[PDB]
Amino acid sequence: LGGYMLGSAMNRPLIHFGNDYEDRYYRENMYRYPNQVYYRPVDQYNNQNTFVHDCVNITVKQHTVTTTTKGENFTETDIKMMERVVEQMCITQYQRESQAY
């Protein structure tokens, strides 16, 4: 929606998911996940957890609509992994937004 902003792109972290299948799955499917986040201006949140929570939901929602339009779909695992990595990226974005303000 409105008032959201799109952050600059970031390095996809290497992420370990705790078992052979998810590690392998992630390595193979990670190109399908966002490499940047949507967020509301940092002044508009009560703390880091709220900002991050919002950044994650909005970003994933938006990515899901644009991936769906291209005729592709996210599985439940996709959503879980995407959630974890977008949460990491949102934390980085908050940190970066924060040392200005």
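In case it trips you up, residue 1 is the first one in the sequence shown, and so on.
In this entry, the higher average B-factor at the C-alpha atoms falls on 88-96, of the pair 88-96 and 19-27. Comparing 78-86 with 6-14, the higher mean C-alpha B-factor in the PDB entry belongs to 6-14. Annotation for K61: C-alpha temperature factor in the middle third relative to the rest of the modelled chain, per the entry. In the PDB entry, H53 places in the middle third of its chain by CA B-factor.
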